[PDB]
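First up is the structure itself, then whatever we jot down about it.
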Amino acid sequence: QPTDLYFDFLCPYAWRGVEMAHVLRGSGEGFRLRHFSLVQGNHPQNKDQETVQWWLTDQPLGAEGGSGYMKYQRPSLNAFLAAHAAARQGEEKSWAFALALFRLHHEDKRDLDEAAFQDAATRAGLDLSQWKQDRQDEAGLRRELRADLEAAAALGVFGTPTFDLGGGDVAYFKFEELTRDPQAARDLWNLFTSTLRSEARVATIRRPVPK
Amino acid sequence: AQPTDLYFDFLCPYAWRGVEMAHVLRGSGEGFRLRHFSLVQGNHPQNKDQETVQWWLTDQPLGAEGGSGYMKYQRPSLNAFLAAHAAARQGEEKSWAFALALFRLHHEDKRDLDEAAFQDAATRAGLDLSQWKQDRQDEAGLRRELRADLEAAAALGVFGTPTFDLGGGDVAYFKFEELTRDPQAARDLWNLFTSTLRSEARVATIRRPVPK
């Protein structure tokens with residue numbers, strides 16, 4: 001019934017998608033937060049592979065990823081696991097945490113680090129002792145994240161934000177402008193769903209990048 | 001008002017569907033200009049991830065074969081494009097009639113884009129065959145017309161067909177699966193496209209993944 005929304009905290013377009021969806025959820029439109037890792041999805045070992053060969057959830061939590069294809073390995077893995085921990089406090093706390101962290105990173109330009117996770121938890125009103133205890137369940141949070149990454153791979157998710165409407169209608173939705181106004185957010189969502197439900201079976205609308 | 005520019009390649013059935021849609025919309029007053037983008041050129045290894053184009057379809061010999069892989073579509077597509085330019089020298093209506101006839105030969109009849117198909121499309125389009133013959137001897141002029149299309153497409157960043165340039169900086173690739181000829185269905189589909197590109201949210205991409 002809710003639309004599944006795959007996101008990565010790294011990604012400002014995913015931030016805007018989650019902001020849109022949050023305001024729409026205010027009006028009764030159901031959305032469910034799920035994770036897709038850009039580091040894993042774009043990883044050279046996973047390129048042109050029937051089956052995922054390299055998992056973000058196999059990497060040590062404190063490991064430095066380098067400056068190449070894994071440069072954002074550590075912040076995105078840690079952000080994902082903190083968000084799973086927050087989501088154990090229910091849907092409303094999960095949205096509060098995910099939005100707060102997104103905003104710290106993309107509006108306030110803070111790194112996805114421990115200080116940012118802590119500020120997101122207090123901005124979200126989390127029970128901090130419970131959040132702390134859930135974060136100690138690293139293996140369990142990794143299993144949850146791995147399940148999200150598997151569901152994403154089964155759909156062929158390639159970027160964020162990607163919305164699964166159900167019924168086999170799934171699409172990446174990239175837009176530039178932050179849209180929190182309720183009326184504008186509803187217009188934008190209506191454009192998207194209209195495009196996916198058209199009996200013309202629209203697959204792609206995509207602007208090129210000019211010279 | 002200026003027509004929408006429609007970049008297509010005869011090889012491509014999504015471009016075919018885009019041209020079929022646009023022809024129906026032109027029937028209600030929506031303006032469209034037919035232009036050419038080469039998928040062979042756009043996907044050529046020498047052009048991959050280049051600031052500037054390094055290999056031009058219009059630089060190639062007319063009987064040259066491109067060779068293995070996608071390059072085998074070099075000679076049909078170049079030759080198809082040139083015949084279309086010669087057809088377009090007989091006016092817009094004859095150009096649409098020729099483009100549609102050739103598209104339908106290739107995608108409905110499954111005929112190769114070869115000389116027999118060009119001749120057949122020219123007769124189906126009702127061209128003046130003698131003027132068409134004479135224009136096809138202006139190989140230099142046709143190559144230069146095609147190069148102008150290809151450079152215009154490169155300046156916009158065109159990467160695939162069909163790509164629609166609405167003017168005002170709103171340009172997008174538009175890929176849809178179902179042949180759409182009904183006037184109302186075509187108008188609704190087109191309103192979807194233009195609404196997406198004119199939204200104040202600055203939508204850049206809506207794109208379905210490919211399930212495993």
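Every chain in the structure tokens takes a letter, A first, then B, and so on in the order presented; its residues are numbered from 1, and the ligands are numbered from 1 following the presented order.
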
Within 6 Å of chain B, which residues of chain A are there when counting only C-alpha atoms? Please give them as number ranges by chain.
-> A: 154-157, 170-177, 200-211

Strand (DSSP E or B) call set, DSSP backbone run, segment 29-76 of chain A, as a PyMOL selection string | chain A and resi 31-35

So which residues touch residue 71 of chain A within 12 Å, counting only C-alpha atoms, skipping near sequence neighbours fewer than 3 positions away, as a PyMOL selection string?
-> chain A and resi 10+38-40+42-43+63-68+74-77

Output file for the selection above: C-alpha atoms, as a PDB file, in the first residue's frame:
```
ATOM      1  CA  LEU A  10      24.737  11.011   0.290  1.00  0.00           C
ATOM      2  CA  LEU A  38      25.174   4.444  -4.314  1.00  0.00           C
ATOM      3  CA  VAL A  39      28.642   3.236  -3.308  1.00  0.00           C
ATOM      4  CA  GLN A  40      27.564  -0.381  -3.836  1.00  0.00           C
ATOM      5  CA  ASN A  42      28.132   2.156  -8.758  1.00  0.00           C
ATOM      6  CA  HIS A  43      30.953  -0.079  -7.568  1.00  0.00           C
ATOM      7  CA  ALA A  63      37.225   1.361   7.570  1.00  0.00           C
ATOM      8  CA  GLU A  64      38.549   4.182   5.443  1.00  0.00           C
ATOM      9  CA  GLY A  65      37.366   3.735   1.862  1.00  0.00           C
ATOM     10  CA  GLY A  66      39.952   5.816  -0.014  1.00  0.00           C
ATOM     11  CA  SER A  67      39.354   8.560  -2.564  1.00  0.00           C
ATOM     12  CA  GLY A  68      37.972   6.444  -5.424  1.00  0.00           C
ATOM     13  CA  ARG A  74      32.217   4.859   5.554  1.00  0.00           C
ATOM     14  CA  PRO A  75      29.832   7.839   5.916  1.00  0.00           C
ATOM     15  CA  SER A  76      27.022   6.194   3.946  1.00  0.00           C
ATOM     16  CA  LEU A  77      27.310   2.837   5.718  1.00  0.00           C
TER      17      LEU A  77
END
```

Please identify all polymer residues within 7 Å of segment 139-141 of chain A, counting only C-alpha atoms, omitting same-chain residues fewer than 3 positions from it, and present them as a PDB file with N, CA and C atoms, in the first residue's frame.
```pdb
ATOM      1  N   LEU A  81      23.199   2.661   8.996  1.00  0.00           N
ATOM      2  CA  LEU A  81      22.976   1.852  10.200  1.00  0.00           C
ATOM      3  C   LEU A  81      22.363   2.686  11.322  1.00  0.00           C
ATOM      4  N   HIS A  84      18.691   2.838  10.496  1.00  0.00           N
ATOM      5  CA  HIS A  84      17.989   1.608  10.878  1.00  0.00           C
ATOM      6  C   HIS A  84      17.718   1.576  12.381  1.00  0.00           C
ATOM      7  N   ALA A  85      18.733   1.944  13.174  1.00  0.00           N
ATOM      8  CA  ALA A  85      18.551   2.043  14.620  1.00  0.00           C
ATOM      9  C   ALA A  85      17.424   3.012  14.972  1.00  0.00           C
ATOM     10  N   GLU A 144      19.294  -5.900   8.382  1.00  0.00           N
ATOM     11  CA  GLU A 144      18.191  -5.083   7.870  1.00  0.00           C
ATOM     12  C   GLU A 144      18.606  -4.335   6.610  1.00  0.00           C
ATOM     13  N   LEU A 145      19.789  -3.722   6.654  1.00  0.00           N
ATOM     14  CA  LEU A 145      20.244  -2.951   5.504  1.00  0.00           C
ATOM     15  C   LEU A 145      20.460  -3.850   4.296  1.00  0.00           C
TER      16      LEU A 145
END
```

So which residues touch segment 105-108 of chain B within 9 Å, counting only C-alpha atoms, skipping near sequence neighbours fewer than 6 positions away, as a ChimeraX atom specification?
-> /B:10-13,16,117,120-121

Written selection (N, CA, C and O atoms) as a CSV table (one decimal), in the first residue's frame:
```
chain,number,residue,atom,x,y,z
B,10,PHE,N,16.6,6.5,-37.8
B,10,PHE,CA,15.7,5.5,-38.4
B,10,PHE,C,15.9,4.1,-37.8
B,10,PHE,O,15.0,3.2,-38.0
B,11,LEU,N,17.0,3.8,-37.2
B,11,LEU,CA,17.3,2.5,-36.6
B,11,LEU,C,16.4,2.1,-35.5
B,11,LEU,O,16.2,1.0,-35.1
B,12,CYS,N,15.8,3.1,-34.8
B,12,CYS,CA,15.4,3.0,-33.5
B,12,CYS,C,13.8,3.0,-33.3
B,12,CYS,O,13.2,4.0,-33.7
B,13,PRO,N,13.3,1.9,-32.8
B,13,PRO,CA,11.8,1.9,-32.8
B,13,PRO,C,11.2,2.8,-31.8
B,13,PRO,O,10.0,3.1,-31.9
B,16,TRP,N,10.9,5.9,-33.8
B,16,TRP,CA,9.7,5.7,-34.7
B,16,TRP,C,8.4,6.0,-34.0
B,16,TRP,O,7.6,6.7,-34.5
B,117,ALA,N,14.6,-0.3,-50.1
B,117,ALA,CA,13.7,0.4,-49.1
B,117,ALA,C,13.6,1.9,-49.3
B,117,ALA,O,12.5,2.4,-49.2
B,120,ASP,N,11.3,2.4,-52.4
B,120,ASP,CA,10.0,2.0,-52.0
B,120,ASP,C,9.3,3.1,-51.2
B,120,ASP,O,8.2,3.5,-51.4
B,121,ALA,N,10.1,3.6,-50.2
B,121,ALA,CA,9.5,4.7,-49.3
B,121,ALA,C,9.3,6.0,-50.1
B,121,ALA,O,8.3,6.7,-49.9
```

Which residues, written as a PyMOL selection string, have at least one atom at most 8 Å from residue 5 of chain B, with only C-alpha atoms counted and residues fewer than 2 positions away on the same chain left out?
-> chain B and resi 3+7+32-35+164-166

Would you mind exporting the chosen residues as a PDB file, in the first residue's frame, restricted to C-alpha atoms?
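Final output, result15.pdb:
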```pdb
ATOM      1  CA  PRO B   3       8.288  24.152 -33.750  1.00  0.00           C
ATOM      2  CA  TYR B   7      15.904  14.328 -33.196  1.00  0.00           C
ATOM      3  CA  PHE B  32       7.577  19.791 -35.126  1.00  0.00           C
ATOM      4  CA  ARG B  33      10.804  19.956 -37.147  1.00  0.00           C
ATOM      5  CA  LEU B  34      12.377  16.639 -38.119  1.00  0.00           C
ATOM      6  CA  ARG B  35      16.097  16.480 -37.306  1.00  0.00           C
ATOM      7  CA  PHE B 164      12.593  16.661 -28.180  1.00  0.00           C
ATOM      8  CA  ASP B 165      13.859  20.258 -27.939  1.00  0.00           C
ATOM      9  CA  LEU B 166      10.893  22.374 -26.854  1.00  0.00           C
TER      10      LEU B 166
END
```

With segment 65-81 of chain B as the partner and 8 Å as the cut-off, tabulate the residues of segment 105-212 of chain B that qualify, each row holding the nearest pair of atoms and their distance in Å to one decimal, using only C-alpha atoms, sorted by chain and rising number, as CSV.
```
residue,atom,partner,partner_atom,distance
B:112,CA,B:76,CA,7.9
B:113,CA,B:76,CA,5.3
B:114,CA,B:76,CA,6.2
B:118,CA,B:80,CA,7.2
B:146,CA,B:81,CA,7.3
```

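Distances here use only C-alpha atoms; by that measure, the residue among B:98, B:37, B:190, B:14 closest to residue 123 of chain B is B:98.
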